[PDB]
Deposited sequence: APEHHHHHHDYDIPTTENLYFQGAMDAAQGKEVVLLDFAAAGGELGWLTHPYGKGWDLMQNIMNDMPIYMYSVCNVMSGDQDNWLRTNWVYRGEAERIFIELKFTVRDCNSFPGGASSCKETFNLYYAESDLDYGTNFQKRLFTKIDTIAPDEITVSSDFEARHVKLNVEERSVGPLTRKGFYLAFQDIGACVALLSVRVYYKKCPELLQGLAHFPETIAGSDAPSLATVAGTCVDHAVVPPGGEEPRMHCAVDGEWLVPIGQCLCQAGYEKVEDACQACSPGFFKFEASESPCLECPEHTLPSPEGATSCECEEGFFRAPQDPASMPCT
C-alpha cells in the first residue's frame, strides 16, 4: 500500500466526539469501558425486545477534501439473538451502513431520505451467552469503500433495526501515492483514483543537474487505487560533468555525456573533458 489520509477516526477522539442519534436520545448510546488498561469509548444499541426499531447513529459532517474514494474501517461486536435467555422476537443480528454527500453541514437537521445504503454489515464472530463470563471480546472488522465522491463533504450512518451492537471504531481514510524520488526524477504526491483497475500516469521532473537523454523515454510513474507507484517508465541521468543526486566530478575526473556510468579519471593531461593546452577524435587519451 501507499499513504493513507485520515478524514475521521472515532477511537482517536477520546470520547470528545459526539454523533447525532435519531430519534433524539433513544437508540445508540456512548459507553466507557476499559480495554488493555486503556480508557475506550463506544456506541451501543440493544433494543432487542421492543420492536419497530429504526435507530440511526450519524457521524459528523466530514470534509471530503481532494478524496475520490473513501475507505471505511469499522470495528464492532454483535450479540446473538439466542443469547437472550428471555427470547427476543423483534431481534436482528445486523445493522445497515449508509452515507450521504452534501455541500453544507445540516447539523441537527437529519433526514434518512438523503442516505444511500452502502451495505448490510454482519458480524463474522457473533457474541454468544458464554462469552460474557469468559470476558472474551469478539471484535469484528469490516472494511467498506465508496467512490467517486464529489460534493464538499459527507456523513456516515449506522441504522439499527433492533439488534445488540457495540461500535468501538470508525476510521475513514483515502489513499495517495507519495511524493517520490526515483530514476533521478521527482514525482509529486498524487491522489489515488476511485476506479479499481485505473492507473494515473504521472510525469516526472528530473532532479537538480539531471537530464532526459535524447531518444530515451521521459520519466513516468503510474498511481494505483491502493496508493502504490507502479510500472516505472523512463528515467533521468546526470548531465555532462555530473555523477542519490547529481554532483559534479571531482578534479582530475570527467564525464563527457549523460549516462549511468560514473566520472572516469583523467589520463594524461568541472568537468566535461580534460584539456591538452594532441587528439583527432574529447573522452579519448589525448
| property | result |
| --- | --- |
| Parts of the chain sequence, as deposited, that carry no C-alpha coordinates in this structure | 1-28, 272-274, 301-306, 315-318, 323-324, 330 |
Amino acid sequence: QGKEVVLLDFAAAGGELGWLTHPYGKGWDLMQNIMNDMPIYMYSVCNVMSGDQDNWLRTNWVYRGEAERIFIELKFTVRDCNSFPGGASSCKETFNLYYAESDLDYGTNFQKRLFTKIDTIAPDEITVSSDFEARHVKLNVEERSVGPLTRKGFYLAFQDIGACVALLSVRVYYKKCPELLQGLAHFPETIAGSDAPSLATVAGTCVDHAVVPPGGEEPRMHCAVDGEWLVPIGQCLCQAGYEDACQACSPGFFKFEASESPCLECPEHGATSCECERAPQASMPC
From here on, numbers count along this sequence of modelled residues.
{"item": "Per the entry, higher mean C-alpha B factor between 138-146 and 207-215", "value": "207-215"}
{"item": "Mean Cα B-factor comparison, 38-46 or 55-63, giving the higher one as deposited", "value": "38-46"}
{"item": "Which of 68, 29, 228, 260 ranks first by CA B-factor in the deposited coordinates", "value": "260"}
{"item": "Residue 233 - which third its CA temperature factor falls in, relative to the rest of the chain", "value": "middle"}
{"item": "Where the record places residue 110 (Cα B-factor, split into thirds across the chain)", "value": "middle"}
{"item": "Residue 89 CA temperature factor, ranked by third within the chain", "value": "highest"}
{"item": "Ranked C-alpha temperature factor of residue 102 among modelled chain residues, by third", "value": "lowest"}
{"item": "Third of the chain's Cα B-factor distribution that residue 160 belongs to, per the entry", "value": "middle"}
